[PDB]
Amino acid sequence: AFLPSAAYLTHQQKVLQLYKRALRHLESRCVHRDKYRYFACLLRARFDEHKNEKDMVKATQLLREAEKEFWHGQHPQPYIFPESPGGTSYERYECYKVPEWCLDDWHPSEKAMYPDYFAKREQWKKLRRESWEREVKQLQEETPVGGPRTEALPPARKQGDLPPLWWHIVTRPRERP
Amino acid sequence: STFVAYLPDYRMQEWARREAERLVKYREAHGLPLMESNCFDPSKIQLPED
Amino acid sequence: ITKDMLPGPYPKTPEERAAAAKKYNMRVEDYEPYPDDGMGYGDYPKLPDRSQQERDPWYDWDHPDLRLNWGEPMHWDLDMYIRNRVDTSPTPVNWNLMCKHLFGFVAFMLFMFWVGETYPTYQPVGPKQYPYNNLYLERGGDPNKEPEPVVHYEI
Amino acid sequence: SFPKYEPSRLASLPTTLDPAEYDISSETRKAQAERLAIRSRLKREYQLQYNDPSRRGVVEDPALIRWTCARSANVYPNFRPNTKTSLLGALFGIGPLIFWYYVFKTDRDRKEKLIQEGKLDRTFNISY
Amino acid sequence: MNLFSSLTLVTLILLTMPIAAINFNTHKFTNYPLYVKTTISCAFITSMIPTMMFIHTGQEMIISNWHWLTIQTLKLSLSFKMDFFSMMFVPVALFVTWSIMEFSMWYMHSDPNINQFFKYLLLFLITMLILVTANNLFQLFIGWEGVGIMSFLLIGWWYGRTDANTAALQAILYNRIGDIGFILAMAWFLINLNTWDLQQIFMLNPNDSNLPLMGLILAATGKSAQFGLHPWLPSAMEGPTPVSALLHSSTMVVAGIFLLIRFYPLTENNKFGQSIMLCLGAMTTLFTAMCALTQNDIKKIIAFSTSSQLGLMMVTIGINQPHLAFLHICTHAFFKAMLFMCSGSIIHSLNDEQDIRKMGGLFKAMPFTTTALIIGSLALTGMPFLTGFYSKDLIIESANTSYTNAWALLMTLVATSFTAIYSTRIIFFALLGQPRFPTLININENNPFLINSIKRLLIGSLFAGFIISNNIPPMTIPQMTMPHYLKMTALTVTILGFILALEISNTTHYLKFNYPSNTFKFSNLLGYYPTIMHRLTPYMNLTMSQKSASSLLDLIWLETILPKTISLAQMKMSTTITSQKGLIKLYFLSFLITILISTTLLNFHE
Amino acid sequence: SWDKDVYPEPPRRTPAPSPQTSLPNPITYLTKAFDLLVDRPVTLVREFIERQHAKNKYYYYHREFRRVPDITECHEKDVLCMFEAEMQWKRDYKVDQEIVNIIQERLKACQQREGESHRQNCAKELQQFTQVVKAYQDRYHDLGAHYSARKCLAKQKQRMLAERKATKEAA
Amino acid sequence: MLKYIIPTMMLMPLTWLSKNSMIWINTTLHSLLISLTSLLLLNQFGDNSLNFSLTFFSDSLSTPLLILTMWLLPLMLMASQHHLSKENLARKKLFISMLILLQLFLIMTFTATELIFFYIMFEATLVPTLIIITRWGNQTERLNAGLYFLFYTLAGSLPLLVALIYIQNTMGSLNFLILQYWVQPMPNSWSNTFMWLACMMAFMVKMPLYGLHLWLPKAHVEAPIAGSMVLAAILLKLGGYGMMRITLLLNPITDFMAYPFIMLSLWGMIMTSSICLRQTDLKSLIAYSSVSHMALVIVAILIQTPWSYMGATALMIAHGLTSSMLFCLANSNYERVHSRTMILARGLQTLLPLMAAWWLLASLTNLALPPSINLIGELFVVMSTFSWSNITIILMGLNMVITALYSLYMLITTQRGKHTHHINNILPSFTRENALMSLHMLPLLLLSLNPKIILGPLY
Ligand SMILES: CCCCCCCCCCCCCCCCCC(=O)OC[C@H](COP(=O)([O-])OCC[N+](C)(C)C)OC(=O)CCCCCCCCCCCCCCCCC
Ligand SMILES: CCCCCCCCCCCCCCCCCC(=O)OC[C@H](COP(=O)([O-])OCC[N+](C)(C)C)OC(=O)CCCCCCCCCCCCCCCCC
Ligand SMILES: CCCCCCCCCCCCCCCCCC(=O)OC[C@H](COP(=O)(O)OCCN)OC(=O)CCCCCCCCCCCCCCCCC
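Here's what the structure looks like:
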C-alpha cells in the first residue's frame, strides 16, 4: 500500500502483479523457451478459469491461496534484469552522475573551452528564474485547503508557461554519462 | 628531511656495532667466551651470609 | 528550529500524545512511543522495525540511496538498517529450518572427520628404511655420541 | 498443504502474505487516505523548498536534526534508575571487567609459578 | 652473482617506476595503459632471466640491502629472498598480469578513470611482489595488508553501488580475522624464537609449534577463503571482471597457501596441524562444490570453483606435499585467469549480462571464446597432458596412497566429481543449446587486444604445466608403485561426473515440472551460510554497541555514578546551607548551641 | 671491506662448467652482454670517483672510552660516581646487544649458505648462539623498562645467592 | 631551552604590532621558522640525555613531542583563519596570543627537569584551552564542555601535587636526574597504595581512561578546530609523559597494582570501538577513536617493558598526527555543509576527488597500515602485551577488526554512494585546506623511513 499517486492497491492491480511475478518466476524455473511457453499457457489457463467470478470474498480467498501457492514454489534465485534493483548492473553509474550545478563552480579559464554550451546554459537559467514565480503562483492557487491530497503535479494550463517544478526532472543526468 | 637523514651517528647506534666488531675479534682470538654470565666481576662483590 | 519541536519526556495525557504525533508528522493512531521503562528513549516513536531493503525501490524517493523521504520520522536504529548493513528481507526458507540444517551439516561432518581420524587409511607397506643409523648425523645429532646401531636387512 | 512461513526478527513476513493488507474495511481506507495526505503535504513542501533557484544551500530536514538530538542529548533526562536498568548496568559494566581480571590473574599466576620452578621454556626468550 | 640480484631488483624498480610517472603528471597521459602493459612485459622478461638461471644452476639469494631498524637484539632490514618459490611464481604472475591488462585495455575502454584503474592494478602487483619475495615476517605483513586493501579498493571500484562497498567491507573483515591469526603467529615467533627472519626460524626448529601453526592456519583461512571464512570470495565478484580475473582467481587469493608453502620445514614435523589443515581443505572444497553445483550467476560459479581449487591445494598441502601444491598454484592461476577472461568476453558481448539462464547458442557466434572456454574447462577437469593433469593427478595420487584421513580422501574425490559436473554445466548452459539473449545482437570479439590476450593465455594453459613440470628439480620422492584401481581413480571419477551431469542436462530438456526440494535450496542459497552469519552476527554486534555500550553505559551509567552524584549532592548541600530565615535570634541560639557542644561534648576547654 | 675474522665465511668451491649437449645456454651470452654493456661503464665511473677521492683524503676515528670505576665501588647515594658507572654500564649494554646481533647474523648466514644440509653443517654457530643467548638472558633479562646498574647488580646478587644455596644443599 | 622559549614569547609582540591584516602571514612565517630551528634537539646520545641547565633538559622522549608541538602551531594558525575572518581584530589577536601562550606552556612542560615545574606547566595548559573552548566554540554545550574538561582534571591533579610535595619531604629533591640514582623500592602497604593512586589518577584522567573519559567526547565536538587539534594531538600526551616520568618512583608496587586499570583499558578499547561503530557524529567518532588509542597507550605504559615503551611513544606521535588530520577533515566538511551529521553529506568523491584521496589516506593511516608508524607502535605494544600474557592478544585482535570496521565506514558514508540531491553549496577544495592536509600527512609518511627518532629514550 505504498504508491506515489494512489493510497492503496485495488484487487485488479493485485491480481495483475501476482500474475506478472508468477510468470517471471516460472520463466526463471524452466530455462528453455518452449517449456516456458507451454507452462505459461498452462498458467494462463489457470488464471482464465476463474476470471468471471462475481463473488468478491471468493476472489479474495482465491487471491490468498494463489499467493500462498506462489510463495510455496518460487525460485530461490529468480532472474533479475541488470538495470533492475537487485541486479548486477544496478545503480552502477551513479558514480558518474555529476549534478548540473557543479558547472556553476567552474573556473572562467575552463569555462572558455565551451562557449556556446555555457551560453545555452545561461539562457536555460534565465528561463528557469523567469518562470519560477509564475509556476509557484500556479501551484499555490491550485492546491486545495489543507495541502495537496496526492503527489500528482498539475500540468501547465496556460500558454507560454512551463509545468511547475520542472528543473530537477528535466536536467537529470543521463543513464550513461 | 635532509638534516634528519644526515644526523651524526644518532644514539651512537652505529658506534656500538663497530666497537662490538672489535670486541669479538678480541675474545675469539684468545679463546675467551663471548659473554660472561656475570655483568660484574665476582671477586669484587660481597654477599650477605646465609 | 525551535524549542517545542525537539523531543521531550514520555507523553502521558492524550493531548500530549496528539501534540507529539503532530510534531512527528504522522497520525495519532500510528504514534506509538517507546515504553517508559527508564531506558532513555523518551517520546521517540517505535517504528515497525524493518530494514530499508524492504522499501519500494521503484518509488521516487527523496534519498534513493537510503530509500527515505523528507520529513518522515527516522528509525531509532536507522544506522543499523541501511543497505550497507543488516538486512531483514523475507527469506524463501524459514529461519529455524535453515539454522538446524546448517548446524546438522557442520556437526555431522565434524563427527565423521573425527571417526575417520580414529580409523585412518594407508597402503600395505612397512616403514621406510634410511641408511647410516636412520641418518643420525644428518638429523642434527652430535658426532661425539655414537648412536645405537640400527641395521636394515635385505628382503 | 504448504509450509506456512514463520516470521522472525531478522526475516520478516512478506508483504503479499500479510492478512491485514487484504482488509477492505472503511477504517483502513481512511487511514491510508490521511497517510497519503501527510506524505503528499511533506513532499510538496520539500520540492517547493528544493526547486528554488535563489536558494544555494542545504535544505534543512527537521527529522534528521530531531533524530540526531534524540540519539545523543536526550538520553539522560529520560532515564530513571530502576531494577531493570541497574541490573543491566551491573551485568554489563563490572561483569566483563571481573571476568577478564580473574582470567588474566589466573593466567599470570600460573605463568609466574611455572617461571619460578624453571619448568617454563625460556631458552631463547631475551626480548620482552 | 652480480646478475641475479641486479636483474631482480631492476624488475622491482621497473615495476614501481610508472607509479612515480603517474604521480608526476601535468598534462593528460598519452596511452598510459599501453605504457603500463609494456612495462609489465619488459619486467616479465627481466624476471624470466633469473628463472632460467635458477633452472640451470640452482642459485638462491638473500639480498639484505637496506638496514632499517635495529631494536636491541632484533634487527629489521630490507631483505629479499630468491628461492624456488619466488623464481617460479614471479614470471607466472607477471605473464598473467600482462594478459589481464591487455584484456582490461580492451574491456575497460569506456571508463573515464582507466588511468586510475591501471595505477591501482600496478599497485596491487607491486604489493604482491613485495609479499612473495619477502624474507622476514614484517615485509610479508606489509605485502599482506597491501594486497588486502588493494582488493578492497578494486572491489569498491564502482563506489556508487551499494553491494560493491558492502562486499569490500566484508572482505576487509575476513582479511582482518586472518590478520589476527598472522599477528598471533608473529607474536609467538618473536617471543619464543627471538627472530622475524625466516632463516633463524628454520634453523632453530621449535618442537612445540602448535600455536604459531594454528595462527598461520587461521591467517590462510582468512586470506585463501577457506570454510568458515569463505563468503567474501563469492561476494568479491561484484567488481570489474579483470579485477576478479587477476586478484580473486589467480594472484591474491593464493597468498595464504603461499604462506603455508613457505613454512613447510615447520609443518613437516607437526602432525596435528597437518590433520587440522587437511580437514579444513576438504571441508572447503566439498562445501564450495555443492555451492557451485546449482548456481546461475557465472562469476559466482567460477568464484566457488576457485575456492574449491584453493581447498584442493590446501588438501595436498596437508598431506606433506608442498611442491605439488605450488605446481597447482601456477597451473590453476593459468587456466582460471583465462577462464575468467573468456567469461568477461562473453559478458561484454551480451550487454553486461552475468546470468547463465539468458545465454546459449554461442558455440558459433564466438568461436574463439568457445574454443578457449572448452580448453580451460578440460584443463580444470583433468584432461590428460594439459596443464591441469601435471598437478592435479599427482596430487590425488599422493593423497590416495598415503597415511591420511579416509573421509577427507572420499570428500576430495566427490569434490573432483562435482568440479567436473559444474564445468560441463557451464559448457552446456553458456555455450550450447538455443539462443536466449534479447533480439538486438551486437556480438563482436575481433579486437586485437582480447584476441592476443586469450591467445597467450591459451598457449599457457596448453603447454606451461608440461614445461614447468619438466623444468623443476625434484624435492620429494614421487609415488609410482600403486595398484591399478588407484591409478585410474581420478580419470574414472571425472568421467562418471561428466556422465552424471550430462544426464542431468539432458533431463532438464523434458516437459516436466518439479517443486524445489530441500537439497536444491541448500545448494542454491550457499549452504544458508551468508543468510545466517551476515544477518545474526552484525545485528548482535550493533545492538550490543548501541543498547549496551553507547546508550546504557557511556551515556547514562558512567555519566551517573561519577559526575551527577556529586553534582546533585553539592546542589542539595548548597540549598540546605543557604536556606536560613535571616533571624538574629536563631543565629545566636546556634551560637549558644555551638558553645554548649564545644564545652561539654568535644572538650575544647582542656 | 670488512673483517674476515669477525665475519667468517668458509672457502668457496665452484665446480667447473662441463656441458654435455651442443645447445648454447643463454646464460653465458647474457653474462657477456652484462660484462660489456653494464660492468665496464660502472667500473669506469667508480674509478673516476675514486680518483677524485684520492686528491682529498681525510680521516675519521673510532672513539675510545677509558675505563671508569663501576657500580660496585660507588658509595651509597653519591651521584658523582654512580653517574659514570651508569653510563659505562649503558655503553656495555649496547655493545653486548650488538655482539648478540653479530652472532645472529652469523647463524642466519650459515643457515642460508649451507643449503639443504644446514642442520649438520652449522652446529658450531648454533652452539655459539645458544651460549651468547644464555649469557644475555642471565645478564640483562627481566630488568624492566626502568633498568639501571643497581637493578642488574641486585639480579646478579640474587643469582649468586641462589647458586650458593643450591651448591650448599648438594654438599 | 632558552633558545626556543624566547622566540615563542617574542611571537606576541609580532602578533600585536603587526598590520591590520598581516597577522596570519607573519605568525605563520615565524612559527614555521621556529619549527625549522626545533630540529636542533636531535643531539641525543646512546647513554646520556641532553641536559641544558639546572631547570631544562631534553631526553629522547620529550624531543618528538616538542618537535610535534612546534610543528603543530603553524598548522593550527592555518586551520583557524577561516571561521575567524568575520571576527574583530582585537579578538583575532587575542586568539593568536592564546595559541602562542598554550604552545609556550607546552614546550616548557616537556623539558622540565623538576616534577613541580612540570606539574605547574601541566596545569597551566588548562587555562588557555578552557578559554578557547568556552569562548570561540560554536554550540551551546561548549559551556558544559568547559566544566567537565576542567573539574575532571583538577580532581585528579590536586591530590597528586600533595604526593609530589611528600616526595620533596622524603627524598630531599624532585629533580629527575637526581631521582634516577636515589630511587628506593616501594613496599606493599596502604600508604603506598594511596600514594600510587594519587600519583597515577591525574594521568589516567588526562589520557583519558575508560570510565573517566566522559569529558573527551564533550570537549572535542563543541571545541573549535584549533581546540580539537590541541586536545587530540598534544594534550592527551601529557598523561603519557607524566606516566613515563613517574613510573620510576612507583616500583615494585606496580606489578599487582596495575591489574584493574589494565582490565579497564582492555575492555574500554572494545567498548569505545563498538561505540565508534554506531556514532552518528564524525567528531564524536574521532574522539572515541582517540579514547581507544590512548587506552592502548595506557596498557603499554602500565606493563612497562622496553618494547611497550617504544610502541607507546610511537603510537603517541602517530595518533597525534592522524587525529589532527581527521579533525581537520571534519572541520573542512563542517565548513562546507554547516552540520555535523555523518549521514547528511554523502558521495563526496564525485565532487571532491582530492579530498576523497586525503580521506582515504587518513583512514588508511588510522587503521595502522604498514609500514606506517601507527603499525609500528601498535605492533610493538601487541608484542609486549603478548609477552605479558598469552590471552590478551585475543583482546587485541578483535579490537583490530573493529578498527577496520569503523574507519572505512567513516570513509564510506562520507565518500561513496549516491550524492545527496538537496545540497548544492559544495565548493571546490581551497588551496589552504589542501596545503593543511599535505602538511599534516607528508611528515607522517616520511617518518616511516626513519622511525628511530620516535622510539623513546631507550632505543
Ligand atoms: C619527530 C616528531 C615530530 C613529527 C612531525 C615532524 C614535523 C617536521 C618534519 C621535518 C622533516 C621530516 C623529518 C623526518 C625525515 C624522515 C625521512 C628521512 O630523512 O629518512 C632518513 C633516511 C636515511 O636512510 P638510512 O638511515 O638508511 O641511511 C644512512 C644515513 N645516510 C643517509 C646518512 C647515509 O633516508 C632514507 O631512507 C632515504 C632513502 C632514499 C630516498 C627514498 C628512496 C625510495 C623511495 C620510494 C621508492 C618506491 C617504493 C615503492 C612505492 C610504491 C607505491 C607507493
Ligand atoms: C632514477 C634516478 C635514481 C638516482 C640517480 C642518482 C644516484 C645513482 C646511484 C647512486 C646512489 C648513491 C650510492 C648508493 C646508495 C647509498 C649507500 C648507502 O649506504 O646508503 C645508505 C642506506 C643504506 O643502509 P645503511 O645500512 O647504510 O644505513 C643504516 C643506518 N642506521 C645504522 C642508522 C640504521 O640507504 C640506502 O641505501 C637507501 C635505500 C633505498 C631503498 C629502500 C627504500 C624503502 C622505502 C620504504 C621505507 C619503509 C620500508 C619498510 C620495510 C623495511 C624492511 C622490513
Ligand atoms: C581455522 C579456524 C576457522 C574458524 C571458523 C569459524 C569461526 C569464524 C566464523 C565466521 C565469523 C565472521 C562471520 C560473521 C560476521 C560477518 C559480518 C559481515 O561482514 O557480514 C557480511 C555482511 C554483508 O554480507 P551480505 O549480506 O552478503 O551483503 C550483500 C547484501 N545482499 O556485512 C554487513 O552486513 C556489514 C556489517 C558491518 C558491521 C559488522 C559487525 C559484526 C562484526 C563481527 C566481528 C566478529 C569478529 C570475531 C573475532 C574473534 C577473534 C578471536
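Residue numbers (the working numbering), protein chains in the order written: chain A, 1 to 177; chain B, 178 to 227; chain C, 228 to 382; chain D, 383 to 510; chain E, 511 to 1116; chain F, 1117 to 1287; chain G, 1288 to 1746. No residue lacks a Cβ here, since even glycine has one placed at the ideal position from N, Cα and C.
Asked: Cβ shell of residue 1421/G (< 7 Å), same chain only, five flanking positions each side left out; Found: 1429, 1430 and 1433
Asked: Proximity to residue 1610/G [Cα-Cα], best of 1576/G, 1670/G and 1637/G; Found: 1576/G
Asked: C-beta contact flag for residue 739/E and residue 731/E at 7 Å; Found: yes
Asked: Neighbour-count burial assignment, residue 1234/F, 16 or more Cβ in a 10 Å radius; Found: buried
Asked: Short CB-CB distance (under 7 Å) between residue 180/B and chain F; Found: no
Asked: C-alpha distance - residue 790/E paired with residue 774/E, whole-angstrom precision; Found: 17 Å
Asked: Beta-carbon spacing of residue 1363/G, residue 1326/G below 7 Å; Found: no
Asked: Whole-number beta carbon distance between residue 1513/G and residue 1774/G, since they are thought to touch under 8 Å; Found: An answer regarding residue 1774/G cannot be provided, because it is not within the stretch 1288 to 1746 covered by chain G.
Asked: Below-7 Å beta-carbon distance, residue 307/C vs any chain E residue; Found: yes
Asked: Anticipated Cβ contact below 8 Å, residue 1650/G with residue 1698/G, distance rounded; Found: 5 Å
Asked: 7 Å Cβ cutoff, residue 1459/G in contact with chain C; Found: no
Asked: Near ligand 2: residue 1636/G beta-carbon under 6 Å from a heavy atom; Found: no
Asked: Residue 592/E in three-state terms, based on DSSP; Found: strand
Asked: Contact the region 1212 to 1219 of chain F vs the region 1250 to 1262 of chain F: 3+ CB pairs below 8 Å; Found: yes
Asked: Check whether residue 896/E and residue 889/E have beta carbons under 7 Å apart; Found: yes
Asked: Beta carbon proximity, residue 283/C to chain G, threshold 7 Å; Found: no
Asked: Short-range partners of chain D found in the region 708 to 741 of chain E, where Cβ spacing is below 8 Å; Found: 714 and 718
Asked: Alpha helix (DSSP H) runs wholly inside the region 1359 to 1419 of chain G, at least 4 long, in chain order; Found: 1376 to 1396 and 1402 to 1411
Asked: Every unbroken alpha helix (DSSP H) within the region 624 to 672 of chain E, with a cutoff of 4 residues, ordered by chain; Found: 624 to 642 and 647 to 665
Asked: Residue 1357/G versus residue 630/E - alpha carbon distance; Found: 36 Å
Asked: DSSP three-state assignment for residue 355/C, whether helix, strand or coil; Found: coil
Asked: C-alpha distance - residue 1656/G paired with residue 1601/G, whole-angstrom precision; Found: 14 Å
Asked: Residues sharing a beta bridge with residue 266/C, DSSP; Found: 461/D
Asked: heavy atom of ligand 1 below 6 Å from residue 1747/G C-beta; Found: This structure does not reach residue 1747/G, given that chain G is present from 1288 up to 1746, and the question cannot be answered.
Asked: Beta-ladder partner(s) of residue 573/E, from DSSP; Found: 590/E
Asked: Nearest-angstrom Cα separation, counted from residue 1272/F out to residue 756/E; Found: 59 Å
Asked: Whether residue 1187/F touches residue 1201/F by CB criterion (7 Å); Found: yes
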